[PDB]
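Read the single chain below, which is given as structure tokens and is the form deposited in one PDB entry.
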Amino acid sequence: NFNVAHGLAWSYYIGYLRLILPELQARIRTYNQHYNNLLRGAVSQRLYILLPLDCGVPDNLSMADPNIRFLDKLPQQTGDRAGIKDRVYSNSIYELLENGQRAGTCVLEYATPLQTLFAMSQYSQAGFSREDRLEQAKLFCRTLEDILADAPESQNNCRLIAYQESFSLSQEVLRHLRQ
């Protein structure tokens, strides 16, 4: 079963991180210079990737924590991909609240393949148990860490936030953001 998370981690790098991480600093610089509110803090460098090991991935982050609120989108990145003209890669900027006030602003999202591991564990024909899922989530993160450790597109460009669940997601992101 090893090969499920191995494949998904390689697919996440090849099909997403290696394509968007090289251009991310320029998109954030563009946002900060031309789109960011004049009075607010600069959007932090780096893509922050949430890796819940229970593979609980809501689509709406902005509601999953009261202290994480959607602010804005980066400029879109588009390119021809496998016969799709101008396929769109979009990223969302979030404010992180601490004591009701803004403590940080960053590009934040879940690793969408963890949502796949979760769905595969639920489908009879995938032949993937809820025990397989925790082991595969750990292997997914370890494989991604190992890829990015040798990856030339990763130039201080992303931070992996792995966690297991009271737990505060905003505090967990702020701890990485403040390093």
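For every residue, the number given is its place in the sequence shown, counted from 1. Only the largest set of C-alpha atoms that superpose within 1.5 Å between the two forms is called the rigid core.
Although it is not shown, the form deposited in another entry is what the next lines describe.
Core-based superposition between this form and the one not shown leaves all of 126, 134, 26, 119 but one with CA shifts under 2 Å; the exception is 126. Once both forms are fitted on their rigid core, the CA atom of residue 143 lies less than 2 Å apart between this form and the one not shown. Superposed on the core, the two forms barely differ at residue 70: its CA moves less than 2 Å between this form and the one not shown. In the other form, the Cα positions of residue 34 and residue 103 lie at least 3 Å nearer to each other than in the form displayed. Three angstroms is the minimum change: in the other form, the CA atoms of residue 102 and residue 35 sit closer than in this structure, by 3 Å or more.
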